[PDB]
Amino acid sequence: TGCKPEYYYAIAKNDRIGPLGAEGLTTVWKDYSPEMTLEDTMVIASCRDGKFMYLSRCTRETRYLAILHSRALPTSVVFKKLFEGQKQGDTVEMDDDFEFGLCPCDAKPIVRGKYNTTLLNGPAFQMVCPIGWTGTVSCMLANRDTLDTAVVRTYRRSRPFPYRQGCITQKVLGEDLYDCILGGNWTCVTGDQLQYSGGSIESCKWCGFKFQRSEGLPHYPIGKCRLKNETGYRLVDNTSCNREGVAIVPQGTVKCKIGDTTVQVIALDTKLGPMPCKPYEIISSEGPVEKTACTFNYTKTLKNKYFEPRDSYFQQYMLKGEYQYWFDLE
């Protein structure tokens, strides 16, 4: 547990003792030194602050600290087990708050899970926002000549990782704000669109057009809306773009207005029905852009009674009170 001045120290692979002394020494016998270090392929032994501290580099074989007095017989060696060795490797069960892991023996981490959440750098790996993640991390050693693989450590997560603090579990896809069913931050997996619960609204999107006020619309908020506190759109309504056989569509035949927003519409039926908007531009007959002269012929008739023919322009009998009209346009 501590380095003593009149003792010899070494690292051992076994506890056995023979006629010439301890068996299985991995290092040579080293005299006491303040800060003295013993080194082999598996461990680094350091004499620090009058205390014995260790740093494992590999755990494939069991290691001991061998102690022998300078005056004593070489067969009087004392061993202190540092760690038990397993060639197939140690199996670590990842706890709920597990984040960082280091693969021993300079092994490469091989991740087998629900979705990739791991950041990898040499033998080091990082589980980034593993919310709902299950699977294993296998520390593997390859061979340049034989091409055989050996496992030195297995990190396992049987049941899903619970919710983790400091993880954004909402992601913008295009302009729509989606929920992260699994993961967080960049490890996020898209589920469904987030729904409007409350809060201040920046704008709303309905039938492919943007609105910031209720005027002209059936109601407000409508369709999907973006909060002043977010960059994406949350789903508010499922309201139909089809109104009286008149469907508001981003690529429409005729332009008209809903409040301040210019809207495009298409006819679904040729029935007599209203437009779900207000006129885009009202052109005058005497207007500078277009000149069209108006003249009309009229006669006396009985109420709701018509004479032949039907107005050339309107294709209908123009009747008001006890009079019939026939217009002539430029």
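Note that residue numbering follows the sequence shown and begins at 1.
Averaged over their C-alpha atoms, the temperature factors of 162-170 and 238-246 are higher for 238-246. Look at the C-alpha B-factors of 211-219 and of 72-80. On average they run higher in 72-80. Looking only at 263, 275, 302, 42, the residue with the top Cα B factor in the deposited structure is 42. For residue 224, the recorded CA B-factor ranks within the lowest third of the chain. Only modelled residues enter the ranking. When all modelled residues of the chain are sorted by CA temperature factor, residue 101 is found within the lowest third. Among the modelled residues of the chain, residue 149 sits in the middle third by CA temperature factor in this PDB entry. Compared with the other modelled residues of the chain, the Cα B-factor recorded for residue 199 ranks in the middle third.
Among all modelled residues in this chain, the alpha-carbon of residue 113 has a temperature factor (C-alpha) in the lowest third.
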